[PDB]
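Chemist: Once you've had a glance at the structure underneath, I'll fire off some questions.
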Amino acid sequence: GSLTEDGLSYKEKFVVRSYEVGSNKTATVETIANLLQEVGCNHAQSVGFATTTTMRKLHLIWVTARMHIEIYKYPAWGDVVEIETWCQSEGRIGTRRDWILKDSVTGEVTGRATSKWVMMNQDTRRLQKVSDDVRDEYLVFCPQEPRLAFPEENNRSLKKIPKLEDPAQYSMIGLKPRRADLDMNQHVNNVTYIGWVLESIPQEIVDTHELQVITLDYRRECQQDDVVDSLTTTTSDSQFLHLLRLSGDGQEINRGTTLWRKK
Amino acid sequence: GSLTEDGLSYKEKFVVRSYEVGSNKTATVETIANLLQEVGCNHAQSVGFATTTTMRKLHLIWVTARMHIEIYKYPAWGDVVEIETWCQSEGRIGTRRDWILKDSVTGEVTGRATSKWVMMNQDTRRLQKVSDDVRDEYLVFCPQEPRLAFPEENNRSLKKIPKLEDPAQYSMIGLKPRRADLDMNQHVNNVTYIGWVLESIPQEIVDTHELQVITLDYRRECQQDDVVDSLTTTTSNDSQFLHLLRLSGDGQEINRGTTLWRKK
Ligand SMILES: N#Cc1ccccc1O
Ligand SMILES: N#Cc1ccccc1O
Ligand SMILES: N#Cc1ccccc1O
Ligand SMILES: N#Cc1ccccc1O
């Protein structure tokens, strides 16, 4: 991978692996989400990091608030997918990281994604919002003119998501993380939550449709000893409303929506 | 990746990813097992496949009976690991696939692995000794002189594993696969079973030790609707454990194994 000519975005190519594909022999949306995370980390490394020494001193970290992914064509097993990523500050609110996925052979855009990140104290888990001196440190690595993977005014990535009301149409109960679901800091990987959302989609949908769009809000983290229930109701192409909540008290951890196109 | 000069082994390099590492910022044993599977798959593709046209006609597949991995140094996040793999027939019993892992910078061997595979009818699940006509088709892609990743006299890779007796010292109950644990044929990925074995190792061991050796026997498959219990008992500067995976209800065995850990 490498920073582009202007040093304001980063590109990396990936060969889709045999264990990374589903039954149609194309990459799963979780493999795609793992690759977006990987190119995001390689971008942060290439420019000196994604916390600055200032954030590290204040015990401040970046945390995902929302992930939105739209795929037109999933890369097949053995195909090379090229991914370009960049960041942009959105004022005191937080920062956005965008991605563009392309077929390396044709050069056509096969997917796009956008995420919203907020600053949080690592210990108290309190938000606080982006400070003046911290922001300045990041500004030099972001384009100043708006560069959006989803430019359209009031598009799918910015839509408010409602809370699913019981009884849910479908559910997968008692989902628990294992060591492979944790990251290097022993926290559940953000991609695991996407997998848990998808657990309550009926197999008949998975067999006859392809996932086109997924939007997922992150409200609270699932700890190593937590148990999750994944709820799904049809709201319609097929569209679904999703809710992840901790098995006991029913505390919400995530809410989202999915849009599926008939194969 | 590419077949070597003699066309009898295959090499591929991998850059360790950020989500592939544990708390030490080095690759997990499950990341390593996934990479061995990937280089095995790329080797089969580079030579025409890992079923031959005759096996597909007969509804015959290769299935793993045993996996044995020994790691000296786990590659760090960002490091390039080079893996060489080859196959050898072991008569009518079945075939063996071996791997050698190396640090791409130093050229030193950082790990090695060996696996035993048997032929099985895909539908009846019945095992069979490898026939001559099928065997002959594979022989041209394997070295004829023995090439072993574990040459040693009574090496760890060939040791018989006993059945853990209740009560187990440690256990992780109610483990279930999710869609990410399945392969392209909707079967639980062989690496998931390694993860499930490791689930019952106490966190204190994981924090103070590094996994050196894991040997795992595969007896039966966990289906999509099955639930698994992972049992572990200490059998021992080094810690050794006996492992058992069994289906949560009736207690039917799916896997047995052993692990050896060295103090960090
Ligand atoms: N904000 C921000 C940012 C920009 C370039 C690379 C890494 C980052 O976290
Ligand atoms: N997640 C998780 C986890 C952590 C330590 C032991 C077992 C687990 O499933
Ligand atoms: N047996 C065997 C074998 C050898 C080279 C590549 C793939 C194989 O299944
Ligand atoms: N394993 C598995 C699985 C298959 C279909 C739906 C949900 C699942 O966890």
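Since every read-out is calculated from the coordinates, none of them should be taken as a lab result. For neighbour counting, all protein chains shown are included, and Cβ atoms are generated from backbone atoms with ideal geometry for every residue, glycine included.
Chemist: Ordered by residue, what ³J(HN,Hα) values in Hz, to whole numbers, does region A:160-168 give under the Karplus form 6.51 cos²θ - 1.76 cosθ + 1.60, where θ = phi - 60° and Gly and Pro are x?
Modeler: Values, residue by residue: 5, 10, x, 8, 4, 9, 6, x, 6 Hz.
Chemist: Restricting to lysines 8 or more places apart or on different chains, can you count the pairs in chain A with Cα atoms under 15 Å from each other?
Modeler: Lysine pair count for chain A: 10.
Chemist: Hey, any idea what the orientation-averaged projected area of the convex hull of region B:1-81's Cα atoms comes to, in nm²? Show your work: numbers first, answer last.
Modeler: On the way: hull surface 27.9 nm².
Average projection, Cα convex hull of region B:1-81: 7.0 nm².
Chemist: Turning to a different aspect of this structure: Compute the normalised compactness of region A:2-150: alpha-carbon radius of gyration over 2.2 N^0.38 Å, N being the residue count. Walk me through the numbers before you get to the answer.
Modeler: Numbers: Rg = 16.3 Å, N = 149, 2.2 N^0.38 = 14.7 Å.
Against the empirical 2.2 N^0.38 Å value, I get 1.11 for region A:2-150.
Chemist: In terms of the ratio Rg/(2.2 N^0.38 Å) built on C-alpha atoms, what value belongs to region B:170-263?
Modeler: Working: Rg = 13.4 Å, N = 94, 2.2 N^0.38 = 12.4 Å.
Compared with the compact-globule rule of thumb, region B:170-263 sits at 1.08.
Chemist: Taking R0 as 35 Å, what's the FRET efficiency between B:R135 and B:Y72 from their Cβ-Cβ distance, rounded to 0.05? Walk me through the numbers before you get to the answer.
Modeler: Working: r = 34 Å, r/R0 = 0.98.
Approximately 0.55, to the nearest 0.05.
Chemist: No solvent, one uniform scatterer per C-alpha: report log10 I(q)/I(0) for chain A via the Debye equation at q = 0.09, 0.11, 0.17 1/Å, two decimals.
Modeler: Log-scaled intensity ratios, in q order: -0.41, -0.63, -1.54.
Chemist: Right, something else. Report the local net charge at A:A168: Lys and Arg +1, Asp and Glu -1, summed over other residues whose C-beta lies under 11 Å from its C-beta. Provide the component values of the computation, followed by the final result.
Modeler: Details: positive: A:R245; negative: A:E165, A:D166, A:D229.
Local charge sum for A:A168: -2.
Chemist: Under 5 Å between amide H atoms, partner at least 5 residues away or on a different chain: which partners does A:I253 have, H built in plane at 1.01 Å?
Modeler: Distant-sequence amide H within range of A:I253: A:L244, A:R245, A:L246.
Chemist: Okay, moving on. What number, rounded to the nearest 500 deg cm²/dmol, is the helix-based mean residue ellipticity at 222 nm of the protein assembly as shown, given -39500 (n - 2.57) per DSSP H run of at least four residues and division by all its residues?
Modeler: On the way: 10 runs with 92 residues, N = 527.
Counting only the DSSP helices, I get -5000 deg cm²/dmol.
Chemist: Can you work out ³J(HN,Hα) from phi for every residue in region B:138-149, in order, using Karplus 6.51 cos²θ - 1.76 cosθ + 1.60 and θ = phi - 60°, giving whole Hz and x for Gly and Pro?
Modeler: 8, 3, 5, 9, 10, x, 8, 7, x, 10, 10, 6
Chemist: Which whole-Hz ³J(HN,Hα) couplings does region B:95-100 yield from phi under the Karplus relation 6.51 cos²θ - 1.76 cosθ + 1.60, θ = phi - 60°, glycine and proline marked x?
Modeler: Here the 3J(HN,Hα) series is 10, 10, 10, 10, 9, 10 Hz.
Chemist: Here's another thing I want to ask about it. For a test of the definition: using alpha carbon positions, the gyration tensor, and the 1.5 limit on a/c, classify region A:107-263 as rounded, prolate or oblate.
Modeler: On the way: a/c = 1.94, a/b = 1.21, b/c = 1.60.
Verdict is oblate for region A:107-263.
Chemist: Right, next: Find how much the distance from B:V206 to B:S171 grows on full extension, using 0.36 nm per residue of separation minus their present alpha carbon separation; answer in nm with one decimal. Before the final figure, lay out each step's value.
Modeler: Details: separation 35, 0.36 × 35 = 12.60 nm, distance 1.50 nm.
Net length gain for the segment: 11.1 nm.
Chemist: At q = 0.15, 0.25 Å⁻¹, what base-10 log of I(q)/I(0) does the Debye formula yield for region A:70-162 when every alpha carbon is treated as an equal point scatterer in vacuo?
Modeler: The Debye formula, applied to the Cα set alone, gives -0.74, -1.26.
Chemist: Can you sort A:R135, A:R255 by how many other beta carbons sit within 10 Å, fewest first? Before the final figure, lay out the partial values.
Modeler: Values: A:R135 16, A:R255 21.
Arranged by neighbour count, lowest to highest, A:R135, A:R255 become A:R135, A:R255.
Chemist: Given a Förster distance of 51 Å, report the FRET efficiency between B:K160 and A:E153 from their Cβ-Cβ distance, rounded to the nearest 0.05. Mind dumping the intermediate values first?
Modeler: On the way: r = 69 Å, r/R0 = 1.34.
It comes to 0.15.
Chemist: Could you work out the Kirkwood radius for the protein assembly as shown, taking every pair of different alpha carbons, averaging 1/r and inverting it, reported in Å?
Modeler: Numbers: mean 1/r = 0.0402 Å⁻¹.
About 24.9 Å, per the Kirkwood formula over Cα pairs.
Chemist: Would you calculate the separation in nanometres between label points at A:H59 and A:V227, each defined as 7 Å from the Cα along the Cα-to-beta-carbon direction?
Modeler: 3.2
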